[PDB]
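Here you get one chain, nothing else, as structure tokens; it is the form deposited in one PDB entry.
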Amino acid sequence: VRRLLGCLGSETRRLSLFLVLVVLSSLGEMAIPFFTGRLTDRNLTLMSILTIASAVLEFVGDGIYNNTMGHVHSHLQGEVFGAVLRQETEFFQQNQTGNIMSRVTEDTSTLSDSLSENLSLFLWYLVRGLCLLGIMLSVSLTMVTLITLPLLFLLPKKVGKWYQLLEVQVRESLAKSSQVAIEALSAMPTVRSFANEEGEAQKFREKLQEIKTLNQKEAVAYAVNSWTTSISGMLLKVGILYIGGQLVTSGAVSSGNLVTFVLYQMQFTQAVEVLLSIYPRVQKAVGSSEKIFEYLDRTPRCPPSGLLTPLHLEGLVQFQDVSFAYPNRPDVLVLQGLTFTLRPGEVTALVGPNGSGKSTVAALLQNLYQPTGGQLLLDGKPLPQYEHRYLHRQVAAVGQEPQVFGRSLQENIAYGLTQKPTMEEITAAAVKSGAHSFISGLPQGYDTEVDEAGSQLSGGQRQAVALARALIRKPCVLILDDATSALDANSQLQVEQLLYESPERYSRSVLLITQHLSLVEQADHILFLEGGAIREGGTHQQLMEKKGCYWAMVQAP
């Protein structure tokens, strides 16, 4: 409950100004009939001036409150998304995209809406009740009212936890439905290829049934709570009415001085009723914001970024007994005992069967995961010692199935660079990767917008754009992970000349992972990886005269 009030602590000056305005307006509303502007003319123009001044103050208070609440909503929604992206990689395996999006975009909006609806009402009726308590001090009945008032707060405190326990579940159900929807909408050519629209509709209906089940309990609880707060207010009125009628006859307070207490009591009881009605909404708001506050309070398991930015860096990468276990499924080793060196000016190829662990090596080299039982060093220093942007500028990769974003071609090649590159550099990178042939033929050129996940491009064109995106950085450490799986015979010559004939190969160390064994013949080193272990190593010839697994793979037909 303290987190909800602490999330609005960046606007303390504006809330204090609104509180001063509320106090002034309420004290004006409760001091009108005592004075009414005697003499000083005629009185109807004074009534007009009073109405105008009552309108202006309400306008100012509404403007201040609305501006403050908009700032609070935008700030909180920004901080939740900022906290989500700081987590580790495997955090995005337990949590799906639709669930995270429903947490970020919909739970925060609900929390902000509830907060903005309830805070001003609470402040208004609290100030109203606090003043009406003051002006009603028959003195003797006030302590009676104040000792019978905690009892009416006994029932909600035993109930409000229920209001949380429903709400969390409701939010979870909504997130699940969202994920289903997005998984149907990002793969429409596949779904229609198997005639499975009815299956997606049924999958949506399964979660909608759970939401429908929870809504009935919500409605029943709302009706029962309204009943209870109304009976509590009625009892609060009737008890003081009965004690006043009894005290009138037996001397004590005279009926003349007792009647004025009762008008004040009818308004104080209504203020107490409103304050009682607010509390279940506060418990519901605590229920609605459990996951986003868990995200905000979560600490990531990845090591933090370093502060090393050397001016000159070489592509000397060392593995020393590196093992990995993939913490989603621990106690099974994907890599056992890897130990190899990448030297600048050289190509090292990583060959092996399917599922052997080559993309795991590529992901370990990108500092996406930390090794379980070894050391991975870049120029004699660990990867977490370097700055995030510097390390991911120096080491670059393509990926097994490359991904592009929904923007123009010029900022897809230059995605992530802090200093924007010139159009001539983008043209040079596209010429180097072979993407210049089709981009120049497009009607808008490099400004051509591609859609979400690049549906307007074919596989080879997407691979060429990814290669150009990797090439624009001038990366000393280059990783290729099946980069020619969709390229034709004309576009493989560009990759071959990049690997073994470019002038820049002396400024790079290349790790090449392919199933096409024609590119492996000119590699400086070849490593055969089976079951996460390096079975063989050496050049092409030394692996051929020794027979073995590499010769078995090569002499397959």
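In case it trips you up, residue 1 is the first one in the sequence shown, and so on. In this text, the rigid core denotes the largest set of C-alpha atoms whose superposition between the two forms falls within 1.5 Å.
One more form of this protein exists, namely the form deposited in another entry; it is left out here, but the text below deals with it.
Peer 1: Which one of 82, 199, 300, 355 is the only residue whose C-alpha moves by 2 Å or more between the shown form and the other one, after superposing on the core?
Peer 2: Between the two forms, the residue that moves is 199.
Peer 1: On a core-based superposition, does residue 268 travel 2 Å or more at its Cα between the shown form and the other one?
Peer 2: Residue 268 C-alpha, core-superposed: shift of 2 Å or more.
Peer 1: For residue 469, is the CA shift between the shown form and the other one at least 2 Å following rigid-core superposition?
Peer 2: No, its C-alpha moves less than 2 Å.
Peer 1: Does residue 250 move appreciably between the shown form and the other one, meaning a CA displacement of 2 Å or more on the superposed rigid core?
Peer 2: It does, since the residue 250 C-alpha is displaced 2 Å or more between the shown form and the other one after the core fit.
Peer 1: Given a CA distance change of at least 3 Å, are residue 77 and residue 207 closer or farther in the other entry?
Peer 2: Farther apart in the other entry, by 3 Å or more.
Peer 1: Look at the CA atoms of residue 171 and residue 77: state whether they lie closer or farther apart in the other entry than in this form, given a difference of 3 Å or more.
Peer 2: It is farther: the C-alpha separation of residue 171 and residue 77 rises by at least 3 Å in the other entry.
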